[PDB]
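Take a look at this single chain, the form deposited in one PDB entry, given in structure tokens.
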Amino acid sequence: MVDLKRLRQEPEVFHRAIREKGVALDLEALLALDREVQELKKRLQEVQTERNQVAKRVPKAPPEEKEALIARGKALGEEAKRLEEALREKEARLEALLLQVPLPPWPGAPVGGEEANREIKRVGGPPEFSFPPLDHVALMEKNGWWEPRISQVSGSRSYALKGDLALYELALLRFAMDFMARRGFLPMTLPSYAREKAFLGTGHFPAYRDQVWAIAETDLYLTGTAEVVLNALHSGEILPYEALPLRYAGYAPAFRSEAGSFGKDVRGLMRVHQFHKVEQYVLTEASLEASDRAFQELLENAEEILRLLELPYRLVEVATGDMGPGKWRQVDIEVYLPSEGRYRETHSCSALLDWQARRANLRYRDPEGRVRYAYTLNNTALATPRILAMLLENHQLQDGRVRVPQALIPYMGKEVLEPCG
């Protein structure tokens, strides 16, 4: 959500954001709907104002006149209800439209969709193999590291790991949490379900409603990211200025409903229904300089995890059509997947200004004792099983066995993943 006041005194800006972000919103019809709601509230107070006057003098009008007063009361009642009923209808139609208004992107954002995205930097390279590499599926198959029978049990777009690779999944999530804690973020372990209110908060509702799995016969939904929970914990509080910035490293299982059959079809570990993700969340003050400082920290944290993991990556500046309605800036980190000769997204670093804070009601008391809407940022720390695709391929030995990066040896208890079952 955006400031409505500013929506009417500067709609040109918001028109540019709607066009450039490819949002399917008619600004002008919104603004018109807004002036319906507004005229109606005025005429509705009027009618109850008249009715007040009538009701005052009903007894201690003569019997001769009090009858007329009653007739004017009833007709005013007809009015008040008729008017109120239309205002209601209109207000909720406005509220829905207002939940779609995009935040303007930062001035340097590439204009266009996915094609317009721009490579910032690249750190590292595709490994040079003294033997022809295997892909991650073939490595799993060979070493007995996953269970294909899971498909009959749970369905498509599902995975079960086994032997040393099951342990390696758990080692990676512990490693990400310890790394985060040592960087001053507050480590939390969280549930994977939430009420709708928490999804409106982040802007996953309404725009990405189709990506989410509902729990039948409840008012709960399964979450795609710990960001849904982390963002709603402080909803309705006025945080002290000295709390800021709030730095949260939240772990939770995550769930996704779909995506229209995959961009290198369906599977491996690449696109699955259920996964594990450690997210970084930042709640800061309503300045651009504090948002910019936080953005650079979240980014460097992800870069540092990839360096410790010994992975080749690159940073990419995300274009206006690819960002989302609520983003000011987004930089993606992509890792090299040798089997597909391609960089593949592993992290996504976003600055949302006060677009989520206006919808989730997150506020602080500034240094001058003014109550403001805070600024929110987020990035991934580590999600499994997607990085296991990259680790296996980049670190495969002639054998088909896999090397464990140095920083991960204390967590595994070994230098080499071994074949199982």
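Just count from 1 along the sequence shown to find any residue number.
FYI, the form deposited in another entry isn't displayed, but the following is about it.
Of the residues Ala71, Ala32, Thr189, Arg370, the one at the hinge where one rigid part turns against the other between this form and the one not shown is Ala32. Pairwise change in that other deposited form: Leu298 and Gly263 C-alpha atoms lie farther apart than in the shown form, at least 3 Å. In comparison with the shown form, the Cα-Cα distance of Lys264 and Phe129 increases by at least 3 angstroms in that other deposited form.
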